[PDB]
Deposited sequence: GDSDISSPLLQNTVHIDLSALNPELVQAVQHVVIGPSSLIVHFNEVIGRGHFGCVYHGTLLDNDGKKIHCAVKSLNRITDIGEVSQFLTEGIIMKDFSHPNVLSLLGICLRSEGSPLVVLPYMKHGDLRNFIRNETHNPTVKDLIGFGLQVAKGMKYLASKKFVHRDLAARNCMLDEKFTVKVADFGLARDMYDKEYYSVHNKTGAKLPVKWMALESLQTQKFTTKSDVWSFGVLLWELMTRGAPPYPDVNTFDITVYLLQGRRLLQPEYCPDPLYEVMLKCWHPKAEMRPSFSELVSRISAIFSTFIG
């Protein structure tokens, strides 16, 4: 179908087995399954298989693929990579992340991340976001639920390109003219008003992500309904400082939430400030 530059990452159906009995994720476009993939060197690796079987339209799947295929060119330790796609239900094959999504890991009681672990997680997210911003890539849905944690405690910024989906319906509003799915309590103030997204709106969401990490997965603005959120933000009210968040780190989040998008720090400035907080104390 049309251009075949996707043939560079096509995986043969005989090189992949999808364990349909083991669901590790559920998006709106399809579920995520455990998978077994044979490398080009003949090695068996764990992998996750995201299906897009809920979007059934020759034109709409083609636009999603060509819009998402850019992730094959991205390569950064804190950015989720594309192992390939299996054309058979256009399957997206992704590396398996042992600890799942970042928010579920830190919410789990039986896990004992330290205050320094949580700060380091946010520094990894900042490093991955700095890379994507360098490639002029806007990640309109940055949140703790949308980052992954692999075997070596390496955080991967996910939910973009062919991996983009709504994996937690609770926090999204579906605009009823455009198709846009809006994470209301993670969007910048100007995004709530105009529904356009920039790298500076990503910085706002990163501050909410940082706040999520320091509360170990608490939902932001639990007493502010999704209508009153825009006025709440217009009065200058912001998410309060978590109990175990260092003062210099809370000041970083406050910088991310400035009414003016040009006032907020770049992700490169965020990496510097967080790494300084990470090396001290």
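Residues 1-23, 112-114, 308-309 of the deposited sequence, counted from 1, carry no C-alpha coordinates in the model.
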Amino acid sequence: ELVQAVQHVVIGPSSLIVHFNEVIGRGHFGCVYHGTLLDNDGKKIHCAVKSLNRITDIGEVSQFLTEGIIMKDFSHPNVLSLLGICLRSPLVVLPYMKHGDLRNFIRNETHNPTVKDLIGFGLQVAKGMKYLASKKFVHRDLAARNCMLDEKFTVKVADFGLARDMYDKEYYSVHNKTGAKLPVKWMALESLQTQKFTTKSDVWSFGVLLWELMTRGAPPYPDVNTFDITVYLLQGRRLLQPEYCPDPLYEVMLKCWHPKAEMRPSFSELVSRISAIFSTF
From here on, numbers count along this sequence of modelled residues.
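Whichever C-alpha set is largest while still superposing within 1.5 Å between the two forms counts as the rigid core.
Take 30-38 and 240-248, fit the other structures onto the shown form by the rigid core, and average the C-alpha distances in 7 other deposited structures of this protein: the farther stretch is 30-38. Taking the rigid core as the alignment reference, the C-alpha atoms of 227-235 lie farther on average from the displayed form in 7 other deposited structures of this protein than those of the other stretch among 212-220 and 227-235. Missing-residue comparison: residue 192 falls in the unmodelled set for none of the other PDB entries checked, so it is not missing from a third of them. Among other deposited entries of this protein with both flanking residues present, at least a third omit coordinates for residue 180. A summary of the deposited B-factors shows that, of 47-55 and 249-257, the stretch with the larger mean C-alpha value is 47-55.
For the two regions 67-75 and 139-147, the entry's Cα B-factors average higher over 67-75. Of the candidates 194, 199, 205, 124, it is 194 whose Cα B-factor is highest according to the PDB record. Looking at the C-alpha B-factors along this chain, the one for residue 42 belongs to the highest third. Sorting the modelled residues of the chain by their CA temperature factor places residue 225 in the highest third.
Sort the modelled residues of the chain by CA B factor and residue 36 lands in the middle third. Among all modelled residues in this chain, the alpha-carbon of residue 106 has a temperature factor (C-alpha) in the lowest third. In this PDB entry, residue 86 carries a Cα temperature factor that places it within the highest third of its chain's modelled residues.
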